[PDB]
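Dropping final.cif in here (mmCIF, N, CA and C atoms and all ligand atoms):
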```
data_start
#
loop_
_atom_site.label_atom_id
_atom_site.label_comp_id
_atom_site.auth_asym_id
_atom_site.auth_seq_id
_atom_site.Cartn_x
_atom_site.Cartn_y
_atom_site.Cartn_z
N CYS A 1240 303.99 65.66 198.91
CA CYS A 1240 304.12 65.79 197.42
C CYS A 1240 304.11 64.41 196.74
N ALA A 1241 304.59 64.33 195.49
CA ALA A 1241 304.68 63.07 194.75
C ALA A 1241 305.79 62.11 195.23
N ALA A 1242 306.74 62.60 196.03
CA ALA A 1242 307.88 61.79 196.48
C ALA A 1242 307.49 60.65 197.43
N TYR A 1243 308.25 59.56 197.37
CA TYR A 1243 308.07 58.39 198.23
C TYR A 1243 309.19 58.36 199.26
N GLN A 1244 308.85 58.65 200.52
CA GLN A 1244 309.84 58.75 201.60
C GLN A 1244 310.15 57.37 202.19
N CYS A 1245 311.41 57.13 202.56
CA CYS A 1245 311.80 55.90 203.26
C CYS A 1245 311.40 55.96 204.73
N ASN A 1246 310.83 54.86 205.23
CA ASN A 1246 310.34 54.77 206.61
C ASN A 1246 311.31 54.09 207.60
N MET A 1247 312.52 53.76 207.14
CA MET A 1247 313.54 53.19 208.02
C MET A 1247 314.00 54.22 209.04
N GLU A 1248 314.27 53.76 210.26
CA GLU A 1248 314.64 54.65 211.37
C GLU A 1248 315.90 55.44 211.02
N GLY A 1249 315.80 56.77 211.10
CA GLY A 1249 316.92 57.66 210.80
C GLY A 1249 317.11 58.06 209.35
N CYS A 1250 316.42 57.39 208.42
CA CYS A 1250 316.62 57.65 206.99
C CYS A 1250 315.88 58.91 206.55
N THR A 1251 316.54 59.72 205.73
CA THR A 1251 315.96 60.96 205.22
C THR A 1251 315.85 60.96 203.69
N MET A 1252 315.99 59.79 203.07
CA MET A 1252 315.94 59.68 201.61
C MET A 1252 314.51 59.60 201.10
N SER A 1253 314.31 60.11 199.89
CA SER A 1253 313.03 60.04 199.18
C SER A 1253 313.28 59.70 197.71
N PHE A 1254 312.23 59.23 197.04
CA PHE A 1254 312.33 58.63 195.71
C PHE A 1254 311.19 59.05 194.79
N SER A 1255 311.46 59.04 193.49
CA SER A 1255 310.50 59.46 192.47
C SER A 1255 309.31 58.50 192.33
N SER A 1256 309.52 57.22 192.62
CA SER A 1256 308.52 56.18 192.42
C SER A 1256 308.57 55.13 193.51
N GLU A 1257 307.50 54.35 193.62
CA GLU A 1257 307.46 53.22 194.55
C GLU A 1257 308.49 52.15 194.19
N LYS A 1258 308.74 51.98 192.89
CA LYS A 1258 309.77 51.06 192.38
C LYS A 1258 311.12 51.32 193.03
N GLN A 1259 311.57 52.57 192.96
CA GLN A 1259 312.87 52.94 193.51
C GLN A 1259 312.91 52.88 195.04
N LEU A 1260 311.77 53.15 195.68
CA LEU A 1260 311.64 52.96 197.13
C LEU A 1260 311.77 51.48 197.50
N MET A 1261 311.13 50.61 196.73
CA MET A 1261 311.24 49.17 196.96
C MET A 1261 312.68 48.68 196.81
N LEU A 1262 313.35 49.14 195.75
CA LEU A 1262 314.76 48.79 195.53
C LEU A 1262 315.65 49.33 196.65
N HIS A 1263 315.33 50.52 197.15
CA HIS A 1263 315.99 51.09 198.32
C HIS A 1263 315.83 50.22 199.57
N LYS A 1264 314.62 49.71 199.79
CA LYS A 1264 314.35 48.78 200.91
C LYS A 1264 315.10 47.44 200.79
N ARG A 1265 315.47 47.05 199.57
CA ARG A 1265 316.35 45.90 199.31
C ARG A 1265 317.83 46.25 199.49
N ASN A 1266 318.13 47.46 199.97
CA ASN A 1266 319.50 47.93 200.18
C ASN A 1266 320.37 47.98 198.92
N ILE A 1267 319.75 48.36 197.80
CA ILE A 1267 320.44 48.59 196.53
C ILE A 1267 320.79 50.07 196.47
N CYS A 1268 322.01 50.39 196.05
CA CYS A 1268 322.47 51.79 195.96
C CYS A 1268 321.53 52.64 195.10
N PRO A 1269 321.21 53.89 195.54
CA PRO A 1269 320.30 54.74 194.76
C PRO A 1269 320.89 55.39 193.51
N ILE A 1270 322.21 55.28 193.30
CA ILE A 1270 322.90 56.00 192.23
C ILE A 1270 322.87 55.21 190.92
N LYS A 1271 322.60 55.92 189.82
CA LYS A 1271 322.59 55.31 188.48
C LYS A 1271 323.95 54.71 188.15
N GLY A 1272 323.95 53.46 187.68
CA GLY A 1272 325.17 52.78 187.24
C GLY A 1272 326.06 52.14 188.30
N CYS A 1273 325.64 52.15 189.57
CA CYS A 1273 326.43 51.54 190.64
C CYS A 1273 326.04 50.07 190.83
N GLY A 1274 324.78 49.84 191.18
CA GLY A 1274 324.25 48.48 191.33
C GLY A 1274 324.68 47.68 192.56
N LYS A 1275 325.44 48.29 193.47
CA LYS A 1275 325.92 47.57 194.65
C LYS A 1275 324.77 47.34 195.64
N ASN A 1276 324.74 46.14 196.21
CA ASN A 1276 323.74 45.73 197.20
C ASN A 1276 324.41 45.56 198.55
N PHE A 1277 323.68 45.83 199.63
CA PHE A 1277 324.25 45.80 200.99
C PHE A 1277 323.44 45.00 201.99
N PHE A 1278 324.12 44.52 203.03
CA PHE A 1278 323.52 43.63 204.03
C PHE A 1278 322.52 44.34 204.96
N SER A 1279 322.71 45.64 205.17
CA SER A 1279 321.79 46.43 205.98
C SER A 1279 321.65 47.85 205.45
N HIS A 1280 320.61 48.53 205.91
CA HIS A 1280 320.37 49.93 205.56
C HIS A 1280 321.49 50.85 206.06
N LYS A 1281 322.09 50.51 207.21
CA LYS A 1281 323.26 51.23 207.73
C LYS A 1281 324.41 51.24 206.71
N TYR A 1282 324.75 50.06 206.19
CA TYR A 1282 325.79 49.93 205.16
C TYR A 1282 325.47 50.68 203.87
N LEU A 1283 324.20 50.69 203.49
CA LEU A 1283 323.74 51.41 202.30
C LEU A 1283 323.95 52.92 202.43
N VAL A 1284 323.55 53.49 203.56
CA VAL A 1284 323.65 54.94 203.79
C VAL A 1284 325.11 55.39 203.85
N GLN A 1285 325.94 54.61 204.53
CA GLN A 1285 327.39 54.85 204.55
C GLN A 1285 328.00 54.89 203.15
N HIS A 1286 327.56 53.96 202.30
CA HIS A 1286 328.08 53.84 200.94
C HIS A 1286 327.73 55.02 200.03
N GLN A 1287 326.46 55.43 200.01
CA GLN A 1287 326.00 56.46 199.08
C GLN A 1287 326.63 57.84 199.33
N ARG A 1288 327.04 58.11 200.57
CA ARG A 1288 327.78 59.33 200.91
C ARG A 1288 329.19 59.39 200.29
N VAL A 1289 329.73 58.24 199.88
CA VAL A 1289 330.99 58.18 199.13
C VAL A 1289 330.81 58.71 197.70
N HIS A 1290 329.64 58.46 197.10
CA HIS A 1290 329.29 59.02 195.78
C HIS A 1290 329.14 60.54 195.79
N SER A 1291 328.75 61.10 196.93
CA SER A 1291 328.57 62.55 197.07
C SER A 1291 329.90 63.30 197.10
N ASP A 1292 330.02 64.31 196.23
CA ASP A 1292 331.11 65.30 196.31
C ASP A 1292 330.57 66.68 196.72
N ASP A 1293 329.42 66.70 197.41
CA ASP A 1293 328.78 67.93 197.85
C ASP A 1293 329.51 68.44 199.09
N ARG A 1294 330.03 69.66 198.99
CA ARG A 1294 330.70 70.34 200.10
C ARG A 1294 329.98 71.67 200.32
N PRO A 1295 328.88 71.66 201.11
CA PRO A 1295 327.99 72.84 201.16
C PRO A 1295 328.52 74.09 201.87
N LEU A 1296 329.55 73.94 202.71
CA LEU A 1296 329.99 75.02 203.59
C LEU A 1296 331.23 75.71 203.04
N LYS A 1297 331.06 76.96 202.59
CA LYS A 1297 332.15 77.73 201.99
C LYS A 1297 332.98 78.42 203.06
N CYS A 1298 334.28 78.56 202.81
CA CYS A 1298 335.16 79.33 203.69
C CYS A 1298 334.76 80.81 203.66
N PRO A 1299 334.64 81.46 204.83
CA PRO A 1299 334.26 82.88 204.87
C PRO A 1299 335.39 83.88 204.59
N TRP A 1300 336.62 83.40 204.39
CA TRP A 1300 337.78 84.27 204.18
C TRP A 1300 337.81 84.74 202.73
N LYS A 1301 337.76 86.06 202.51
CA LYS A 1301 337.76 86.62 201.15
C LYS A 1301 338.99 86.16 200.37
N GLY A 1302 338.78 85.78 199.11
CA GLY A 1302 339.83 85.21 198.27
C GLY A 1302 339.92 83.69 198.27
N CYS A 1303 339.50 83.05 199.37
CA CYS A 1303 339.57 81.60 199.51
C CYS A 1303 338.34 80.93 198.89
N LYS A 1304 338.59 79.91 198.07
CA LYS A 1304 337.54 79.21 197.33
C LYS A 1304 337.26 77.81 197.90
N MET A 1305 337.85 77.48 199.05
CA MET A 1305 337.71 76.15 199.62
C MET A 1305 336.32 75.93 200.22
N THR A 1306 335.85 74.69 200.11
CA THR A 1306 334.52 74.28 200.58
C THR A 1306 334.65 73.01 201.42
N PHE A 1307 333.67 72.77 202.28
CA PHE A 1307 333.74 71.70 203.28
C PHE A 1307 332.40 70.98 203.46
N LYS A 1308 332.49 69.71 203.86
CA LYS A 1308 331.31 68.91 204.18
C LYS A 1308 330.83 69.18 205.60
N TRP A 1309 331.77 69.24 206.55
CA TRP A 1309 331.46 69.37 207.98
C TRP A 1309 331.93 70.71 208.53
N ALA A 1310 331.16 71.25 209.48
CA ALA A 1310 331.47 72.54 210.11
C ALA A 1310 332.81 72.52 210.85
N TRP A 1311 333.14 71.40 211.49
CA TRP A 1311 334.42 71.27 212.21
C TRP A 1311 335.63 71.40 211.27
N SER A 1312 335.52 70.85 210.06
CA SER A 1312 336.57 70.95 209.04
C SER A 1312 336.77 72.40 208.60
N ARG A 1313 335.66 73.11 208.38
CA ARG A 1313 335.72 74.53 208.01
C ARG A 1313 336.34 75.37 209.13
N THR A 1314 335.89 75.15 210.36
CA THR A 1314 336.42 75.87 211.52
C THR A 1314 337.92 75.65 211.70
N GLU A 1315 338.37 74.40 211.56
CA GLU A 1315 339.80 74.10 211.59
C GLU A 1315 340.56 74.80 210.47
N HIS A 1316 339.99 74.79 209.26
CA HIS A 1316 340.62 75.44 208.11
C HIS A 1316 340.83 76.93 208.29
N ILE A 1317 339.84 77.61 208.87
CA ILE A 1317 339.91 79.07 209.08
C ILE A 1317 341.13 79.47 209.93
N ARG A 1318 341.57 78.58 210.83
CA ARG A 1318 342.79 78.80 211.62
C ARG A 1318 344.05 79.00 210.77
N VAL A 1319 344.09 78.39 209.59
CA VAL A 1319 345.21 78.58 208.65
C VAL A 1319 345.31 80.05 208.25
N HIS A 1320 344.15 80.67 208.02
CA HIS A 1320 344.07 82.09 207.67
C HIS A 1320 344.36 83.03 208.84
N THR A 1321 343.82 82.72 210.02
CA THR A 1321 344.03 83.57 211.21
C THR A 1321 345.38 83.34 211.88
N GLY A 1322 346.01 82.19 211.61
CA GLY A 1322 347.26 81.82 212.26
C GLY A 1322 347.08 81.35 213.70
N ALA A 1323 345.85 81.00 214.08
CA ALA A 1323 345.55 80.57 215.44
C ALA A 1323 346.12 79.17 215.67
N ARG A 1324 346.78 78.99 216.82
CA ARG A 1324 347.33 77.70 217.22
C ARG A 1324 346.91 77.44 218.67
N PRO A 1325 345.65 76.98 218.87
CA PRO A 1325 345.07 76.93 220.22
C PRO A 1325 345.70 75.92 221.19
N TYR A 1326 346.37 74.89 220.68
CA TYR A 1326 346.86 73.78 221.51
C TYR A 1326 348.35 73.93 221.75
N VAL A 1327 348.72 74.12 223.02
CA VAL A 1327 350.10 74.35 223.43
C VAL A 1327 350.53 73.20 224.35
N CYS A 1328 351.71 72.64 224.09
CA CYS A 1328 352.24 71.55 224.91
C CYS A 1328 352.60 72.04 226.30
N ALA A 1329 352.30 71.22 227.31
CA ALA A 1329 352.46 71.59 228.72
C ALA A 1329 353.82 71.24 229.34
N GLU A 1330 354.69 70.56 228.58
CA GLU A 1330 356.01 70.16 229.09
C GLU A 1330 356.94 71.37 229.25
N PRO A 1331 357.90 71.31 230.21
CA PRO A 1331 358.68 72.50 230.56
C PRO A 1331 359.57 73.04 229.44
N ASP A 1332 360.28 72.14 228.76
CA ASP A 1332 361.27 72.52 227.74
C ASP A 1332 360.85 72.11 226.33
N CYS A 1333 359.57 72.28 226.01
CA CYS A 1333 359.04 71.99 224.67
C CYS A 1333 358.44 73.25 224.03
N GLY A 1334 357.34 73.73 224.59
CA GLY A 1334 356.65 74.93 224.11
C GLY A 1334 356.07 74.87 222.70
N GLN A 1335 355.85 73.66 222.19
CA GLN A 1335 355.39 73.47 220.81
C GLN A 1335 353.88 73.73 220.73
N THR A 1336 353.44 74.39 219.65
CA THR A 1336 352.02 74.72 219.44
C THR A 1336 351.45 73.99 218.23
N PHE A 1337 350.13 73.80 218.24
CA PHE A 1337 349.44 73.05 217.20
C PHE A 1337 348.15 73.73 216.75
N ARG A 1338 347.86 73.58 215.47
CA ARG A 1338 346.70 74.19 214.82
C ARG A 1338 345.45 73.33 214.99
N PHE A 1339 345.62 72.00 214.91
CA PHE A 1339 344.52 71.03 215.03
C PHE A 1339 344.75 70.12 216.24
N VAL A 1340 343.66 69.72 216.89
CA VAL A 1340 343.74 68.87 218.09
C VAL A 1340 344.36 67.49 217.81
N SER A 1341 344.11 66.94 216.61
CA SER A 1341 344.68 65.65 216.20
C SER A 1341 346.21 65.67 216.11
N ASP A 1342 346.77 66.81 215.69
CA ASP A 1342 348.23 67.01 215.70
C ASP A 1342 348.78 67.09 217.13
N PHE A 1343 348.03 67.75 218.01
CA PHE A 1343 348.39 67.85 219.43
C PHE A 1343 348.32 66.49 220.13
N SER A 1344 347.29 65.71 219.81
CA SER A 1344 347.15 64.34 220.33
C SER A 1344 348.25 63.41 219.82
N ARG A 1345 348.59 63.54 218.53
CA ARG A 1345 349.68 62.78 217.91
C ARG A 1345 351.03 63.05 218.57
N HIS A 1346 351.27 64.30 218.97
CA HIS A 1346 352.51 64.68 219.66
C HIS A 1346 352.62 64.05 221.06
N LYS A 1347 351.50 64.01 221.78
CA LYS A 1347 351.45 63.39 223.12
C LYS A 1347 351.66 61.87 223.09
N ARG A 1348 351.25 61.22 222.01
CA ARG A 1348 351.48 59.77 221.84
C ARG A 1348 352.93 59.48 221.43
N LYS A 1349 353.40 60.16 220.39
CA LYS A 1349 354.73 59.90 219.81
C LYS A 1349 355.88 60.29 220.75
N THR A 1350 355.70 61.37 221.50
CA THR A 1350 356.64 61.78 222.55
C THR A 1350 355.89 61.87 223.87
N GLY A 1351 356.46 61.30 224.94
CA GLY A 1351 355.81 61.27 226.25
C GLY A 1351 355.78 62.63 226.93
N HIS A 1352 354.86 63.48 226.48
CA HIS A 1352 354.71 64.85 226.98
C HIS A 1352 353.30 65.07 227.54
N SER A 1353 353.19 66.02 228.47
CA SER A 1353 351.91 66.36 229.10
C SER A 1353 351.04 67.18 228.16
ZN ZN A 1401 316.11 54.53 203.76
ZN ZN A 1402 326.66 53.07 194.98
ZN ZN A 1403 339.69 79.46 203.47
ZN ZN A 1404 355.63 68.73 223.64
#
```

Translate this file's structure into structure tokens.
Amino acid sequence: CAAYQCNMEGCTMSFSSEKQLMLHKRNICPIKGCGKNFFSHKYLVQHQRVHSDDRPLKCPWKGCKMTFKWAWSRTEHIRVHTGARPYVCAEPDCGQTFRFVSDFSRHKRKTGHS
């Protein structure tokens, strides 16, 4: 089509004109009114995702209006609705359960438990 695609390895961005593609190749932010410049294309791509508030993945639980960027975040969230606590501590006199793996990992660090 009329769009100008970026040819940098891994990049999926496209632009209305060659002008904006050239500015993109100079690692200038694509967002109107930002103007920030970056040392590499890696730094540029990391930055522009901060401007995004797009959360494409909706919670499937009826009544819930929450939305998510990543599938793992949505999957973890659904456990709040189901009450699932998949991670159980292995120590003899603890028996503590966790909803998210990061909470289970935090418990193993803070207290010396299996
Ligand atoms: Zn690019
Ligand atoms: Zn920016
Ligand atoms: Zn939900
Ligand atoms: Zn424990």

Next on the checklist: Applying 6.5 Å and all atoms listed in the file, which residues near residue 1296 in chain A remain after dropping the ones on its own chain fewer than 3 positions away? List them as a list in words.
Outcome noted: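 Selected residues are residues 1305, 1306, 1307, 1308 and 1309 of chain A.
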
Next on the checklist: Run DSSP on the backbone and tell me which residues of range 1256-1348 of chain A come out as helix (DSSP H, G or I); list them as number ranges by chain.
Outcome noted: A: 1257-1264, 1280-1290, 1310-1321, 1340-1348

Could you save the residues just selected, with N, CA and C atoms, as a tab-separated table (two decimals), in the frame of the given file?
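Contents of selection.tsv, freshly written:
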```tsv
chain	number	residue	atom	x	y	z
A	1257	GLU	N	307.50	54.35	193.62
A	1257	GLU	CA	307.46	53.22	194.55
A	1257	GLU	C	308.49	52.15	194.19
A	1258	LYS	N	308.74	51.98	192.89
A	1258	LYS	CA	309.77	51.06	192.38
A	1258	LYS	C	311.12	51.32	193.03
A	1259	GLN	N	311.57	52.57	192.96
A	1259	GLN	CA	312.87	52.94	193.51
A	1259	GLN	C	312.91	52.88	195.04
A	1260	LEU	N	311.77	53.15	195.68
A	1260	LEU	CA	311.64	52.96	197.13
A	1260	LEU	C	311.77	51.48	197.50
A	1261	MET	N	311.13	50.61	196.73
A	1261	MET	CA	311.24	49.17	196.96
A	1261	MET	C	312.68	48.68	196.81
A	1262	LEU	N	313.35	49.14	195.75
A	1262	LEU	CA	314.76	48.79	195.53
A	1262	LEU	C	315.65	49.33	196.65
A	1263	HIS	N	315.33	50.52	197.15
A	1263	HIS	CA	315.99	51.09	198.32
A	1263	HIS	C	315.83	50.22	199.57
A	1264	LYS	N	314.62	49.71	199.79
A	1264	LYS	CA	314.35	48.78	200.91
A	1264	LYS	C	315.10	47.44	200.79
A	1280	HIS	N	320.61	48.53	205.91
A	1280	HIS	CA	320.37	49.93	205.56
A	1280	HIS	C	321.49	50.85	206.06
A	1281	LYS	N	322.09	50.51	207.21
A	1281	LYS	CA	323.26	51.23	207.73
A	1281	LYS	C	324.41	51.24	206.71
A	1282	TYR	N	324.75	50.06	206.19
A	1282	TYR	CA	325.79	49.93	205.16
A	1282	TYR	C	325.47	50.68	203.87
A	1283	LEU	N	324.20	50.69	203.49
A	1283	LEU	CA	323.74	51.41	202.30
A	1283	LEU	C	323.95	52.92	202.43
A	1284	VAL	N	323.55	53.49	203.56
A	1284	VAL	CA	323.65	54.94	203.79
A	1284	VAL	C	325.11	55.39	203.85
A	1285	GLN	N	325.94	54.61	204.53
A	1285	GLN	CA	327.39	54.85	204.55
A	1285	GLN	C	328.00	54.89	203.15
A	1286	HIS	N	327.56	53.96	202.30
A	1286	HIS	CA	328.08	53.84	200.94
A	1286	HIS	C	327.73	55.02	200.03
A	1287	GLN	N	326.46	55.43	200.01
A	1287	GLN	CA	326.00	56.46	199.08
A	1287	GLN	C	326.63	57.84	199.33
A	1288	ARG	N	327.04	58.11	200.57
A	1288	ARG	CA	327.78	59.33	200.91
A	1288	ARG	C	329.19	59.39	200.29
A	1289	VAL	N	329.73	58.24	199.88
A	1289	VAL	CA	330.99	58.18	199.13
A	1289	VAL	C	330.81	58.71	197.70
A	1290	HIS	N	329.64	58.46	197.10
A	1290	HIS	CA	329.29	59.02	195.78
A	1290	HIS	C	329.14	60.54	195.79
A	1310	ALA	N	331.16	71.25	209.48
A	1310	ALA	CA	331.47	72.54	210.11
A	1310	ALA	C	332.81	72.52	210.85
A	1311	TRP	N	333.14	71.40	211.49
A	1311	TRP	CA	334.42	71.27	212.21
A	1311	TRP	C	335.63	71.40	211.27
A	1312	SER	N	335.52	70.85	210.06
A	1312	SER	CA	336.57	70.95	209.04
A	1312	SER	C	336.77	72.40	208.60
A	1313	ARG	N	335.66	73.11	208.38
A	1313	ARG	CA	335.72	74.53	208.01
A	1313	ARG	C	336.34	75.37	209.13
A	1314	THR	N	335.89	75.15	210.36
A	1314	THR	CA	336.42	75.87	211.52
A	1314	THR	C	337.92	75.65	211.70
A	1315	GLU	N	338.37	74.40	211.56
A	1315	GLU	CA	339.80	74.10	211.59
A	1315	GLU	C	340.56	74.80	210.47
A	1316	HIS	N	339.99	74.79	209.26
A	1316	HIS	CA	340.62	75.44	208.11
A	1316	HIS	C	340.83	76.93	208.29
A	1317	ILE	N	339.84	77.61	208.87
A	1317	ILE	CA	339.91	79.07	209.08
A	1317	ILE	C	341.13	79.47	209.93
A	1318	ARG	N	341.57	78.58	210.83
A	1318	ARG	CA	342.79	78.80	211.62
A	1318	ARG	C	344.05	79.00	210.77
A	1319	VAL	N	344.09	78.39	209.59
A	1319	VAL	CA	345.21	78.58	208.65
A	1319	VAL	C	345.31	80.05	208.25
A	1320	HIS	N	344.15	80.67	208.02
A	1320	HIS	CA	344.07	82.09	207.67
A	1320	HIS	C	344.36	83.03	208.84
A	1321	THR	N	343.82	82.72	210.02
A	1321	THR	CA	344.03	83.57	211.21
A	1321	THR	C	345.38	83.34	211.88
A	1340	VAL	N	343.66	69.72	216.89
A	1340	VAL	CA	343.74	68.87	218.09
A	1340	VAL	C	344.36	67.49	217.81
A	1341	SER	N	344.11	66.94	216.61
A	1341	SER	CA	344.68	65.65	216.20
A	1341	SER	C	346.21	65.67	216.11
A	1342	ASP	N	346.77	66.81	215.69
A	1342	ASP	CA	348.23	67.01	215.70
A	1342	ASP	C	348.78	67.09	217.13
A	1343	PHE	N	348.03	67.75	218.01
A	1343	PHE	CA	348.39	67.85	219.43
A	1343	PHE	C	348.32	66.49	220.13
A	1344	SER	N	347.29	65.71	219.81
A	1344	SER	CA	347.15	64.34	220.33
A	1344	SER	C	348.25	63.41	219.82
A	1345	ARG	N	348.59	63.54	218.53
A	1345	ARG	CA	349.68	62.78	217.91
A	1345	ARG	C	351.03	63.05	218.57
A	1346	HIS	N	351.27	64.30	218.97
A	1346	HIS	CA	352.51	64.68	219.66
A	1346	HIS	C	352.62	64.05	221.06
A	1347	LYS	N	351.50	64.01	221.78
A	1347	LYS	CA	351.45	63.39	223.12
A	1347	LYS	C	351.66	61.87	223.09
A	1348	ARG	N	351.25	61.22	222.01
A	1348	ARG	CA	351.48	59.77	221.84
A	1348	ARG	C	352.93	59.48	221.43
```

Checklist entry - If you count only N, CA and C atoms, which residues fall within 8 Å of range 1245-1251 of chain A, apart from same-chain ones fewer than 5 positions away, as a list in words? => result residues 1260, 1263, 1264 and 1280 of chain A

Next on the checklist: How would you report the residues lying within 6 Å of ligand ZN 1404 (chain A), as a ChimeraX atom specification, if you count only C-alpha atoms and all ligand atoms?
Outcome noted: /A:1328,1330,1333,1335,1352

Checklist entry - How far is it from CA of residue 1297 in chain A to CA of residue 1337 in chain A, in Å with one decimal? => result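 Between these atoms lies a distance of 23.5 Å.
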
How would range 1283-1300 of chain A look with N, CA, C and O atoms restored, written as a PDB file, keeping the file's coordinate frame?
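Wrote it out as part.pdb, contents follow:
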```
ATOM      1  N   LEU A1283     324.200  50.690 203.490  1.00  0.00           N
ATOM      2  CA  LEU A1283     323.740  51.410 202.300  1.00  0.00           C
ATOM      3  C   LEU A1283     323.950  52.920 202.430  1.00  0.00           C
ATOM      4  O   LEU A1283     324.470  53.555 201.502  1.00  0.00           O
ATOM      5  N   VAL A1284     323.550  53.490 203.560  1.00  0.00           N
ATOM      6  CA  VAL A1284     323.650  54.940 203.790  1.00  0.00           C
ATOM      7  C   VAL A1284     325.110  55.390 203.850  1.00  0.00           C
ATOM      8  O   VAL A1284     325.462  56.432 203.280  1.00  0.00           O
ATOM      9  N   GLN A1285     325.940  54.610 204.530  1.00  0.00           N
ATOM     10  CA  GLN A1285     327.390  54.850 204.550  1.00  0.00           C
ATOM     11  C   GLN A1285     328.000  54.890 203.150  1.00  0.00           C
ATOM     12  O   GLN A1285     328.831  55.742 202.848  1.00  0.00           O
ATOM     13  N   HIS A1286     327.560  53.960 202.300  1.00  0.00           N
ATOM     14  CA  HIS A1286     328.080  53.840 200.940  1.00  0.00           C
ATOM     15  C   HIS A1286     327.730  55.020 200.030  1.00  0.00           C
ATOM     16  O   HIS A1286     328.607  55.529 199.330  1.00  0.00           O
ATOM     17  N   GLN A1287     326.460  55.430 200.010  1.00  0.00           N
ATOM     18  CA  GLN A1287     326.000  56.460 199.080  1.00  0.00           C
ATOM     19  C   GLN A1287     326.630  57.840 199.330  1.00  0.00           C
ATOM     20  O   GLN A1287     326.740  58.646 198.404  1.00  0.00           O
ATOM     21  N   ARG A1288     327.040  58.110 200.570  1.00  0.00           N
ATOM     22  CA  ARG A1288     327.780  59.330 200.910  1.00  0.00           C
ATOM     23  C   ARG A1288     329.190  59.390 200.290  1.00  0.00           C
ATOM     24  O   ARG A1288     329.771  60.474 200.204  1.00  0.00           O
ATOM     25  N   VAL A1289     329.730  58.240 199.880  1.00  0.00           N
ATOM     26  CA  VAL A1289     330.990  58.180 199.130  1.00  0.00           C
ATOM     27  C   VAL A1289     330.810  58.710 197.700  1.00  0.00           C
ATOM     28  O   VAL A1289     331.712  59.346 197.151  1.00  0.00           O
ATOM     29  N   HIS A1290     329.640  58.460 197.100  1.00  0.00           N
ATOM     30  CA  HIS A1290     329.290  59.020 195.780  1.00  0.00           C
ATOM     31  C   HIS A1290     329.140  60.540 195.790  1.00  0.00           C
ATOM     32  O   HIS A1290     329.358  61.188 194.763  1.00  0.00           O
ATOM     33  N   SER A1291     328.750  61.100 196.930  1.00  0.00           N
ATOM     34  CA  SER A1291     328.570  62.550 197.070  1.00  0.00           C
ATOM     35  C   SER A1291     329.900  63.300 197.100  1.00  0.00           C
ATOM     36  O   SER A1291     330.787  62.979 197.895  1.00  0.00           O
ATOM     37  N   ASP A1292     330.020  64.310 196.230  1.00  0.00           N
ATOM     38  CA  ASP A1292     331.110  65.300 196.310  1.00  0.00           C
ATOM     39  C   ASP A1292     330.570  66.680 196.720  1.00  0.00           C
ATOM     40  O   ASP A1292     331.195  67.712 196.444  1.00  0.00           O
ATOM     41  N   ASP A1293     329.420  66.700 197.410  1.00  0.00           N
ATOM     42  CA  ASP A1293     328.780  67.930 197.850  1.00  0.00           C
ATOM     43  C   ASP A1293     329.510  68.440 199.090  1.00  0.00           C
ATOM     44  O   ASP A1293     329.622  67.728 200.081  1.00  0.00           O
ATOM     45  N   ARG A1294     330.030  69.660 198.990  1.00  0.00           N
ATOM     46  CA  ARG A1294     330.700  70.340 200.100  1.00  0.00           C
ATOM     47  C   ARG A1294     329.980  71.670 200.320  1.00  0.00           C
ATOM     48  O   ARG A1294     330.390  72.692 199.766  1.00  0.00           O
ATOM     49  N   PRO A1295     328.880  71.660 201.110  1.00  0.00           N
ATOM     50  CA  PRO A1295     327.990  72.840 201.160  1.00  0.00           C
ATOM     51  C   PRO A1295     328.520  74.090 201.870  1.00  0.00           C
ATOM     52  O   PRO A1295     327.981  75.172 201.653  1.00  0.00           O
ATOM     53  N   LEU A1296     329.550  73.940 202.710  1.00  0.00           N
ATOM     54  CA  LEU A1296     329.990  75.020 203.590  1.00  0.00           C
ATOM     55  C   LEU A1296     331.230  75.710 203.040  1.00  0.00           C
ATOM     56  O   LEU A1296     332.311  75.133 203.019  1.00  0.00           O
ATOM     57  N   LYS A1297     331.060  76.960 202.590  1.00  0.00           N
ATOM     58  CA  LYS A1297     332.150  77.730 201.990  1.00  0.00           C
ATOM     59  C   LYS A1297     332.980  78.420 203.060  1.00  0.00           C
ATOM     60  O   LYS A1297     332.449  78.837 204.090  1.00  0.00           O
ATOM     61  N   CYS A1298     334.280  78.560 202.810  1.00  0.00           N
ATOM     62  CA  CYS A1298     335.160  79.330 203.690  1.00  0.00           C
ATOM     63  C   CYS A1298     334.760  80.810 203.660  1.00  0.00           C
ATOM     64  O   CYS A1298     334.558  81.357 202.569  1.00  0.00           O
ATOM     65  N   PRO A1299     334.640  81.460 204.830  1.00  0.00           N
ATOM     66  CA  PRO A1299     334.260  82.880 204.870  1.00  0.00           C
ATOM     67  C   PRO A1299     335.390  83.880 204.590  1.00  0.00           C
ATOM     68  O   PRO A1299     335.132  85.082 204.559  1.00  0.00           O
ATOM     69  N   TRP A1300     336.620  83.400 204.390  1.00  0.00           N
ATOM     70  CA  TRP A1300     337.780  84.270 204.180  1.00  0.00           C
ATOM     71  C   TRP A1300     337.810  84.740 202.730  1.00  0.00           C
ATOM     72  O   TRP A1300     337.868  83.918 201.823  1.00  0.00           O
TER      73      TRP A1300
END
```
